[PDB]
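Per-chain numbering from 1; labels A, B, C, D, E, F, G, H, I and J assigned in written order.
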Amino acid sequence: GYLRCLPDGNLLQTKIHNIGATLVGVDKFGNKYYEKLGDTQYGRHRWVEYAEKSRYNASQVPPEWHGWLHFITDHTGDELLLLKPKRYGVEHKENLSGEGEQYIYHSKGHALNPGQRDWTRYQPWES
Amino acid sequence: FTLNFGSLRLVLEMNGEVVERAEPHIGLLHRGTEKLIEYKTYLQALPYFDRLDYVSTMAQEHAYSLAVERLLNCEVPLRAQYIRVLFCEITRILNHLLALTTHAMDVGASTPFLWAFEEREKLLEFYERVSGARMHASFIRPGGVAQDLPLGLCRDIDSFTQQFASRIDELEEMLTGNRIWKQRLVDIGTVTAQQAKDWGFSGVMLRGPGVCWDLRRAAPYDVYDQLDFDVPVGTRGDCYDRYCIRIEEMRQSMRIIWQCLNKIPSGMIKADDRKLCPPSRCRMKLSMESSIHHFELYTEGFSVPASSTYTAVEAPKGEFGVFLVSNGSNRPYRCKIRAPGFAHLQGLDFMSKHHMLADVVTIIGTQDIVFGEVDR
Amino acid sequence: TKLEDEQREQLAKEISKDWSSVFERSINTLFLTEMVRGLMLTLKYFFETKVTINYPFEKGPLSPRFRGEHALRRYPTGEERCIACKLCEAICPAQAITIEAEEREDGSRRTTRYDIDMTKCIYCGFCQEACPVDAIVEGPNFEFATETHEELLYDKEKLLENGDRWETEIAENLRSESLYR
Amino acid sequence: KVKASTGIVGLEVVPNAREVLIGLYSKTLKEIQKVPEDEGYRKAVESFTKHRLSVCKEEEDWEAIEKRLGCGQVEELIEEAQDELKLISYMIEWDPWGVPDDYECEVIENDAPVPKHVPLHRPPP
Amino acid sequence: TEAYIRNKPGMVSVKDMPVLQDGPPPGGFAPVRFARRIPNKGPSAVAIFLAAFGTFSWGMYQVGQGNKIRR
Amino acid sequence: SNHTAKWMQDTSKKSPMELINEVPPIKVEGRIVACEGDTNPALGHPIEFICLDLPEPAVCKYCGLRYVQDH
Amino acid sequence: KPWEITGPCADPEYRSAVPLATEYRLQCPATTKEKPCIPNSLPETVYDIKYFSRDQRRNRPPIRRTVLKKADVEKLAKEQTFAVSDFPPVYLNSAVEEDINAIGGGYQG
Amino acid sequence: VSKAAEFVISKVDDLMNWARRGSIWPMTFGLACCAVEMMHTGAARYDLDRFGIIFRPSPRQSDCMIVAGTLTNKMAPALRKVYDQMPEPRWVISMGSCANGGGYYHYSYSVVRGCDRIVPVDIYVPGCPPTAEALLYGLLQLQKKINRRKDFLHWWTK
Amino acid sequence: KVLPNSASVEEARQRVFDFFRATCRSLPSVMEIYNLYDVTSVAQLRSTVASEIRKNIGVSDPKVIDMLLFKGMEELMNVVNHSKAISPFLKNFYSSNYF
Amino acid sequence: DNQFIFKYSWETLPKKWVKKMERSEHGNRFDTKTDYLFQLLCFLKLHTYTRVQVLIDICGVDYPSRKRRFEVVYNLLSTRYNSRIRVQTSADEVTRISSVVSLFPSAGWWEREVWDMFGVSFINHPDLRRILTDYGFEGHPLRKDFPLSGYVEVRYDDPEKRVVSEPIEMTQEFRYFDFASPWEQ
């Protein structure tokens, strides 16, 4: 995705920064994670290309690569995928929060919930 | 005529652009902090002190913990004392940087703001590595600290101290000696030592006149009596001398940080007794008594003996004091919060007398009024 | 003001000792030496490298002991890690946690209702350190801005799914910090 | 010599500091003569005022009187003397002397220890 | 128990328990130059004044020559 | 059942009760066990000692795992 | 470069603001090459637990109260006297006007 | 209503949304202790000027109000008065916990339980304080929210 | 300016009269402050103020009288600064249980 | 520490107004009558060997059990002799106590704050308007009997086009947890 650079200018900065970088990994969502040591300042030696140039979001980074990208861990996302728990767990989902009422989270008492639960803590006689 | 400005509300009486008098209205950030502290346990009330005087976070934690330990009589280990001093001086550096750069922006100088924010981002990274969050980190607790320092923090702080000596030289070169800066600062809002004592000034605003009195030397509440630092005083109290005092305080804070890094000991991070300090996770998961004490300390609190005390520390703004009155229960009966912005904002009235509007904003910047602590 | 006048005269006499000094001072005040020096420093920083983070692709450094989004974990077997000890809201300074519970079908003590207000949580980590079983943890996630307050009002199912989603990173941070405990 | 500056911005150096102090102390003694003798305030005032008057009479140089007194800043001493005059005038204006009879005062003394790391104002050397 | 938590493979007494915390490296770090060093290596006041005066004089001479050519 | 439906409404994934019933009982030789939650005692729950004289499996009451005596 | 003529840049002991990624923060906090060991108690107070001696919170003397009457007040007033050495000491301090490079040459910190 | 007029309308709406997204001019409402973190967001590291965010001190020229800090009963009328002066295309970002639901002073006199009771807020930024990273995430979320404004289509189909 | 506590009922009465004078003189300012000219009836407002003073006669402590006057002057300053047949039992019964 | 000028005061101060004294490591304490507080502070501020010339602060404590519920505390400091002192009195709701604005000019805002929080009025204050709470606040928030959440709350009323104040109707009532142990005494 290089034509998006002209109207994006931020992907342009990313592509400029991927000149001397080394592709340290890639996730199952397509995000390509790059590292670049040497003559680089501390804060800009690890980054991601989201592989979704049109509508890339900051919440698309999976938890497996979140720590490595945020400099919490030296462990890449592959090791955390290997260590992913079994018998339970859900796939990573972005922070939609506005893409639809059927997508966003609703409380059990909210009218938009598919199943709304009453809250009275007593059972009437119910003739 | 009366001119109104509207969280800083201020009404000024003007005659010829000359400020006859200035009256601030402050309650715009009142939040019932004292009432909530009375309604909550001591540990639950520590975040309130985190929020008070938010530019200087851990100074208020230090004051509150010192008051609680005074009312409680618990010995804090040397390592905990040294890390508390280190982070208090980091807090002082942060507050001085923010005060100086906001004052410079109010004057008109815009560029040092972002350099000092790069330095502040480094220091907030230090905070976030040592504790939970960059700001309002509930790290200092009665009896010690929350957790031990992560490894490498000392080396990173040393690197920061060197680069920050360079940065302070840099900022002083740009601001100090500028003709515009001098014309903005000198002979603006001068305070005599008698006036400062009458109006209850503290910290830089009190040492600016030259009273030659500092809390860290008058009542050393830490290893401060082993750190042989310097305390600058102003020859003729005004905005320029207060700014120079703040620069010198940043330098001496770096000095104290280096000394603490050099002579930090190896030991524990909190009070030895589990009746007052929570046990570790392994201890509470392995030991029956430790589980009991963790449960009791996290449902109830430590019951301080019924007494009333006033504990004051040298916060970067000035003397920050907490007046704690207890009744033997797990909650503080009364907690009065003397912030070194409440008195300075009173001093605004006579400081910005016969001055102009730009002198008023310069005086506000010099006093460095954070409205959270004045609306405590 | 007579004292001020005589002090000014004394200072003027002091800093006008000789023609060399007065000429140097006049030239310095006339040719804007300090202004030129400030301009030179400004140009140096114009030509030096920048520290901008390039937000969406490059993100600021964090720590394993980061207080981000409240979340609930599970045991490796799959059962809820949270017993209903109610130490969360006993210590929560902002009272942002509400919990109700009853005995489960197999006699286990489990919470039948567990909600946290993210508009009332002060993100202080008191619950995550008061948990006897490491059930509630303040996860590393912090980019969960919502368009609605009702969305920001969490509950047990959302906390559990957050824990399941962020289980691996939360586990890594928990190991690293249980070392520091 | 002459003091270039007193450090305190509010205070200003006075050339005739010794003469001003002598006059203020003499007036202090003359005014405190009106206070009842039984009161401890009068005894303390006479004590320190006589001591200061004696030392400032014996020593001529202000540096010498400062060094011998140990308080320093003859300007601060003059301010203290003026405040003492004001206080004596106030205690003549209102009469606080004498116990009111059938009087009780509750002296409270607790020896509860405090840790060495709390802020306690250390005594001057 | 502290001994149980910090047990050593071959320790006999509760003392000499293993310990490793953040601290100085052997040597105690390096000095950090708390003071300020501002060198004034710029041109002297007399030098810049002479340069300005000579520049003004030679420039006025050049102005005269150019005006003569234009005339 | 009722409790699970009361705190959860997804009714599509497996509830923790079903998973913990599906994990088999743990056979142990001794009469008493030490239940810690996982391989790391510091990352599990407070230690729980369980008596195994009754023939039926005994729930740990923490991370309930149903330890059963061998013979 | 024009900025080395004068100012902080001309100083040989000048430090750049930007820290290199290869020298600032070598090991991420969650992955440290060495395992920590933080003490939580003195070695003495491990197998010798005894809290009634180190109970610093409750081991305090009781508060003492004394009701002084007029006779006692007069007795103390007559007994007491003031001397030149019994007056409170003054906490005196003064400026020195000392150079910035005077303490350790400006390096030691 | 057609398929070519619909395409033209979609292009016009895309251009309008691009302009409004790239030229956001928020105004700080900086009370309490989210304003310091906001200034950190506006600093060199997480710079806001790149995305078009510049802080306009005058409410008449501002686009969206970012309320960061605690809302007090003494200050809520001022907040509402300042909000009412903003132009009709307007948005609100409630930063922190105090401005969302009262935060750490929810059970307190003279504290508004979130700015939602005074002004209609569009996006909440949870945190206390939210990291500058998170606040810039919230601003990008505002850009995404105003990236789906079919104003021209709605005007056409009335 | 705040004054010491009144030591006499006559002094308290004089202070009450002074406060009522202040209210009466400050009444026309409230007219332009609030703008309810349709049904204000300035005379009715004066009557209501007098009725409040007359319903506060059961107090006899001069300290309480002075405190009430202080709070009334505070309220006056606030208002100047513009800061705002089925029997009774059956209606409450039909409304709610808590009455 | 530094109990020098405290003992010197008790030696030199007139005994008429010293109702009680406390010698503590938490702070030396003087408790007097409200009639003589101004004179006592004038003596301390002006005397040459007890120069507490800076007023740290003025605080209020509520004691519903006592006849005079309010306790007005004055924390003062002596920088010349480097020691802190405490002088307190007892006042009730109606009685007015003397003001020390003339002695310490900083006392004005703390006295206004005490008025705001408790209701203790002062005799010689140049002004005594509320400082911290909302305009038109009715109660005194720091009194023990005052509810934590207050009596009224504000919201935006669209028909009125203004922020109106209405009686509190808050959801998620404050949950008071009784953690007190019966063996703490």
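One rule holds for everything that comes next: contacts are C-beta pairs under 8 Å (C-beta built on N, C-alpha and C of every residue); 3 or more make two chains touch, one makes a residue touch a chain.
In UniProt terms the chains read A = NADH dehydrogenase [ubiquinone] 1 alpha subcomplex subunit 12; C = NADH dehydrogenase [ubiquinone] iron-sulfur protein; H = NADH dehydrogenase [ubiquinone] iron-sulfur protein 7, mitochondrial; I = NADH dehydrogenase [ubiquinone] 1 alpha subcomplex subunit 6.
Novice: What are the mutual neighbours of subunit F and subunit J in this structure?
Specialist: Expected: B, C.
Novice: Going only through chains that touch each other, what is the minimum step count from subunit C to subunit H?
Specialist: 1
Novice: For subunit J, which other chain has the most distant CA centre?
Specialist: With centres defined by C-alpha atoms, farthest from subunit J sits F.
Novice: Return the chain pair with more inter-chain C-beta contacts, choosing between E-G and A-C.
Specialist: A-C
Novice: Taking each chain's centre as the mean position of its Cα atoms, how many Å separate subunit C from subunit J?
Specialist: Roughly 35 Å separates the two chain centres.
Novice: Report the inter-chain centroid distance for subunit B and subunit E in whole angstrom, where each centroid is the mean of the CA atoms.
Specialist: Each chain reduced to its C-alpha mean, subunit B and subunit E end up 28 Å apart.
Novice: CA centre of subunit D versus CA centre of subunit E: separation in Å?
Specialist: Whole-Å distance between the two chain centres: 51.
Novice: For subunit A versus subunit F, what separation do you get between their C-alpha means, in angstrom?
Specialist: Those two chain centres are 34 Å apart.
Novice: Among the residues of subunit A, which are close enough to touch at least two other chains?
Specialist: In subunit A, 10, 41-44, 57-59, 67, 71-73, 75, 87-88, 95, 97-98, 108 touch at least two other chains.
Novice: Of all residues in subunit G, which are in touch with two or more distinct other chains?
Specialist: Within subunit G, residues 5-8, 11, 17-19, 24-25, 27, 29-32, 34-36, 38-41, 56, 60, 73, 77, 80, 82, 87, 89-91, 94-95, 100, 109 contact more than one other chain.
Novice: Which residues does subunit F have that touch at least 2 chains other than itself?
Specialist: Residues 9, 14, 16, 19, 42, 44-46 of subunit F touch two or more partner chains.
Novice: Who touches whom among the chains?
Specialist: After working through each pair, the chains in contact turn out to be A-C, A-F, A-G, A-H, B-C, B-D, B-E, B-F, B-G, B-H, B-J, C-E, C-F, C-G, C-H, C-J, D-G, D-J, E-G, G-J, H-J, I-J.
Novice: Under the touch definition given earlier, write down the residues of subunit G that touch subunit C in their complex.
Specialist: Subunit G residues touching subunit C: 1-3, 5-9, 17-18, 25, 29-32, 35-36, 38.
Novice: Which stretch or stretches of subunit B touch subunit H in the complex?
Specialist: 6-7, 27-33, 35-36, 39, 47-48, 51, 54-55, 98, 113-115, 117-118, 120-121, 124, 133-136, 371-372
Novice: Of all residues in subunit A, which touch subunit F in the complex?
Specialist: 87-88, 108, 115, 117
Novice: Enumerate the contact residues on subunit D facing subunit G in the complex.
Specialist: Contacts found on subunit D: 7, 38, 40, 43-44, 47-48, 51, 70-73, 99, 101-113, 123-125.
Novice: Could you please specify the touching residues of subunit G with respect to subunit A in the complex?
Specialist: Contacts found on subunit G: 18-22, 24-25, 27-31.
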